[PDB]
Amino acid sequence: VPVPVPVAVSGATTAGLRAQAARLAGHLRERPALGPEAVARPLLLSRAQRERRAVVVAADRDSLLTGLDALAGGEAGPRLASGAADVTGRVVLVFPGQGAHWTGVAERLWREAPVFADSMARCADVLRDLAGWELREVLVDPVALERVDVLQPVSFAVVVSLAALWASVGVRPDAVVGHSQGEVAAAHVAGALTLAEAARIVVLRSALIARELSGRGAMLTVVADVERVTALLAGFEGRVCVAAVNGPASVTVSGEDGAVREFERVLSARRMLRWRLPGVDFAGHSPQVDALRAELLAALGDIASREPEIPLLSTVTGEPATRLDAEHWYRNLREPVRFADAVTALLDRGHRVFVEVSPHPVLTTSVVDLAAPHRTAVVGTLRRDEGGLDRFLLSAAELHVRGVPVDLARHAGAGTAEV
């Protein structure tokens, strides 16, 4: 099977970029034996990367030529990224909460990307000791993944490992932020927790949720701002509460299933958009969590932690994180998620590049909403049913075309073919 490479072209203008695409396609059509793997490296390392940039991520001629023809003709394509190389400022890795996972994610990337494979095997080691089960086996098991005690640790391993893959192409965070469950991964990636200790927290906390909360609640995201959602919760006091504030158009609420379904009727009547968080069978960030507190502090005990090597913006406080002790990890389950606040604090400190480290983008539209009016690059990593190295490289290309430093040449091969 051919391997995907990022094939880069650029111009001083959009019409210059389009003409360069057409010229490359013509060159390839004059040379029938010439593949993307022959030309990709010199296009990156031997050509200026100008103001208007595109990348076609392609493993074979035909798919490269399809991308290039689309680019030349001003059309979008499924493995074509293009943009203005105009973004400057610091880089944030965002780790999302539960609801982005899709069954089968990470298996293909384990086969295709040795840095990701490695991280995933380091995770499997730590999770084997703790949870018994074998990470790679569980990745493809839809029945196991519905269980919160399996899903949360698998999700943690996947996003830690995607972060390692980003680092291998030279995209390292200046700051991190993790929404609810993602805060543990963010803390690890920030250097505040070992892999082992982070994993212990996710494993012990997720097993306790599964025992005490699973089946007794649900969580719902509403396309609306928190002022509006709070108005609509009149009469739902103590039954459905605000659990997260993600942006001006994304607020999540939490409660017992019946009560949430009553609230959905309020929203429906009013033509408001909403959806249940998939795979979430508990009322996170609600008073239901009070009863877990004692067993959680006991199971966690003393946390082995250290000062983060880069800033970790907590979604407990919306501010740089203090002690990451057991009480912190309880509050990361109990208290409303201040995601919008955390992202806003980063925007106000010159962060302009946001990489959601996830199987599928769930918080990117909120980051885009919050960032306005600043010039920013906001990308995800994988998408539902697109778990290949090709999709990862397309995400890396989406940064490159906005002028963010990324080492696409790491995956560009060993080509020496020119012009």
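Quick note: we count residues from 1 along the sequence shown, nothing fancier.
A.B. asks: Could you check the entry and say whether 112 to 120 or 292 to 300 has the higher mean CA B-factor?
C.D. replies: Mean CA B-factor is higher for 292 to 300.
A.B. asks: On mean C-alpha B-factor from the PDB entry, just flag whether 257 to 265 or 335 to 343 is the higher one.
C.D. replies: It is 257 to 265.
A.B. asks: According to the Cα B-factor stored in this entry, which of the following is highest: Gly97, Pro153, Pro173, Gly284?
C.D. replies: Of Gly97, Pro153, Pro173, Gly284, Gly97 has the highest C-alpha B-factor.
A.B. asks: Choose from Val251, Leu273, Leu204, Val158 the residue with the greatest Cα B-factor as stated in the PDB record.
C.D. replies: Answer, based on the entry's C-alpha B-factors: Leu273.
A.B. asks: Would you mind checking where the Cα B-factor of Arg29 ranks among the modelled residues of its chain, as the lowest, middle or highest third?
C.D. replies: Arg29: CA B-factor falls in the middle third of its chain.
A.B. asks: What third of the chain, by the recorded C-alpha B-factor, contains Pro320?
C.D. replies: Highest third of the chain for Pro320's C-alpha B-factor.
A.B. asks: Test of reading the entry: by CA B factor among the chain's modelled residues, which third contains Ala414?
C.D. replies: Middle third by C-alpha B-factor.
A.B. asks: What third of its chain's C-alpha B-factors does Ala326 belong to: lowest, middle or highest?
C.D. replies: Highest third - that is where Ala326 ends up once the chain's C-alpha B-factors are sorted.
A.B. asks: Just say lowest, middle or highest third for the CA B-factor of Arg18 relative to the other modelled residues in its chain.
C.D. replies: Middle third, going by the recorded CA B-factors of the chain.
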